[PDB]
Amino acid sequence: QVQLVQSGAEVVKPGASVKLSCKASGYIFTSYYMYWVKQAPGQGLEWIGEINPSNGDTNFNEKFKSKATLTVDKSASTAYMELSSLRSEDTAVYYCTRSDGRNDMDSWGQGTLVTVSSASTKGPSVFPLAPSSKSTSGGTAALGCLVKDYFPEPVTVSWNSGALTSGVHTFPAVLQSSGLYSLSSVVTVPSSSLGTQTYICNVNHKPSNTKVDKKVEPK
Amino acid sequence: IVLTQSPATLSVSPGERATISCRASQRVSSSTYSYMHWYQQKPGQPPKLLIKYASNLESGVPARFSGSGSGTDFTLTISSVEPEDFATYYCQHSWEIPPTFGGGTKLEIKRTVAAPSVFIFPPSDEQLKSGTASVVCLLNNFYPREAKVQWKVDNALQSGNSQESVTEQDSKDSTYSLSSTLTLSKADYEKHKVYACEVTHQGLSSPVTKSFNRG
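About the thresholds
- Residues numbered from 1 in each chain as written, not as in the entry; some residues may be left out.
- Chains lettered and ligands numbered in written order.
- Heavy atoms only, no water.
- Residues with missing side-chain atoms left out of burial classes, pairs and counts.
- Helix = DSSP H or I, 4+ residues; strand = E, 2+ residues; numbered from the N terminus.
- Contact = heavy atoms within 4.5 Å.
- Pairing = 2+ DSSP bridges.
- Axes fitted to C-alpha atoms, helices over the stretch in contact; angles between N-to-C directions.
- Domains from an automatic or database assignment.
- Nonpolar A, V, L, I, M, F, W, Y, C, P; charged D, E, K, R; others polar.
- Disulfide = S-S within 2.5 Å.
- Buried < 20%, exposed > 50% of the residue type's maximum accessible area, 1.4 Å probe, protein only.

- Method-wise, the PDB entry is recorded as coming from X-ray crystallography, at a reported resolution of 1.7700 Å.

Next comes the structure, spelled out in structure tokens:
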């Protein structure tokens, strides 16, 4: 019932600031401290700081005391973190997380990937990888979606609005020579199914407010 | 306070016991509780609290997880490792401000050898209208990770216009999958007939070729 809902991934220019939000529901917001945690891509977790939403008191990992400002809006059940004067080392996933009694971190937001870059946001093109006689194996068929030419990370992909998850592989992005990213998401299904079942890939790229649904049909 | 986790990576066979350790630079125990907590982070997900106060399992967490220790030295044990346990595990103290995290231990699962199933996808007509052709070769559900993919166009070995990506180990069966994408101009695509992906993996006794003929 505790949910923490963070703002979407975004690109921020070098030297600019960003305000991140974390909306809480399913508990009495003022009853628990709110922590913020940084995870640089491919790295570990680092604590940034905490806020007591009742009295606004804060404490910071010294590394972030000049970087991060924490506020709360009590009425709105929302915690905010503002990050100042961004540099490359600030590219990371930032999490909010509720603390149980200022000890453990028991509920986590989904993370906000902040990419610090002077390059422009670009939404992807989505192309079907259609099942054919060349994508069969042992009575199974593979199909997918190619998600090409986006920036920054991340893209997320679901299938049939989250109802199809078994055998899905959504690959890590690759960096193209252009500096844009590409990824594919694939699934394996029964070959016998291809005339009767419907397969739709749901692609999201929050930095560009891109959502695409693509029905993948046999060629 | 500095937390030192060891080992950095732990590889276990399915069903074997896994033990990872976290050493605090000073005591984080009172008479009644120890202020060390353990998190599991599965790929693409936020960390999840598994064990609080050294040994108390969080609600919903399976019984094969346990934790122990006091003072400076703490351990997380999985009695029988299952595929879903593939994750990075982090310790964190709450003795004082600031809380700090260990560096993490990556748990890897040494399952049985599995050859890839190979599939190939021509470019979509939708993509071809745009002037580019991507050809995708999928190597699905194999183990271990080492694999070689080579592209041949009209039997000529390609260099320099393909990119590969590999997944992390799968949470249900511990395999990898790999994609190799060959990118060509539409004009170049349309100048050739046979597109083939040739796959080498230790689960196969000879390379496997999957191909199609344009048109």
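### Points about the environment of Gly131(B)
Residue and element names in this part refer to chain B.
Point 1. Along the chain, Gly131 turns up in the loop between α1 (125-129) and β12 (132-142).
Point 2. A sequence separation of 56 residues divides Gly131 from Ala187, and the C-alpha atoms of the two residues are 7.7 Å apart.
Point 3. If near-sequence neighbours (up to four positions away) are discounted, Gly131 is found in contact with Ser185 and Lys186.

### Re the sheet that holds strand β1 (residues 3-6) of chain B
By way of backbone hydrogen bonds, the strands of a sheet pair with one another, either parallel or antiparallel.
Residue and element names in this part refer to chain B.
Point 1. In space, the four strands of this open sheet follow the order β1-β3-β8-β7, with antiparallel pairing throughout. If you trace the sheet from one side to the other, it starts and ends with β1 and β7 (65-70), each paired once. Going from strand to strand, the sheet's axes swing by 20° on average, the running direction of each strand aside.
Point 2. Both β7 and strand β8 (residues 73-78) contribute to a ladder of six bridges, which runs antiparallel. Residue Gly67 lies in a different strand from β8, and its bridge partner there is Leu76.

### Regarding the domain arrangement of chain B
Residues and elements named next belong to chain B.
Point 1. Domain annotation of chain B identifies domain 1 (3-109) and domain 2 (117-213).
Point 2. Taken over C-alpha atoms, the centre of domain 1 sits 39 Å from the centre of domain 2.
Point 3. Contact with domain 1, which involves six residues of that partner, is made by nine residues of domain 2.
Point 4. Partitioning the side of domain 1 that touches domain 2 into residue classes produces four nonpolar, no polar and two charged.

### Here we look at the state of the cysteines
Covalently bonding the sulfur atom of one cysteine to the sulfur atom of another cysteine gives a disulfide.
Point 1. If you walk through the whole model with that rule in mind, you get four disulfides over all chains.
Point 2. Each sulfur of the disulfide joining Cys145(A) and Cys201(A) lies 2.1 Å from the other. Its S-S torsion of approximately -95° makes the covalent link between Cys145(A) and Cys201(A) left-handed. Residue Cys145(A) is located in strand β14 (residues 140-150), and its partner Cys201(A) is located in strand β19 (residues 200-205); the two are separated by 56 residues in the primary sequence.
Point 3. For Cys22(B), the disulfide goes to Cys91(B), at an S-S distance of 2.2 Å. Looking down the S-S bond of the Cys22(B) and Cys91(B) bridge, the torsion is 75°, so its handedness is right-handed. Taken together, the residues span a long stretch of sequence, with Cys22(B) in strand β3 (residues 18-24) and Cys91(B) in strand β9 (residues 87-93) at a distance of 69 residues.
Point 4. Here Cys22(B) falls in the buried class, since its relative accessible area comes to 1%.
Point 5. Under the relative-accessibility criterion, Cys91(B) is labelled buried at 0%.
Point 6. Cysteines bonded in chain B are numbered consecutively along the chain; their disulfide partners then correspond to 1-2, 3-4.
Point 7. Ordinal numbering of bonded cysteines along chain A defines a disulfide pattern of 1-2, 3-4.

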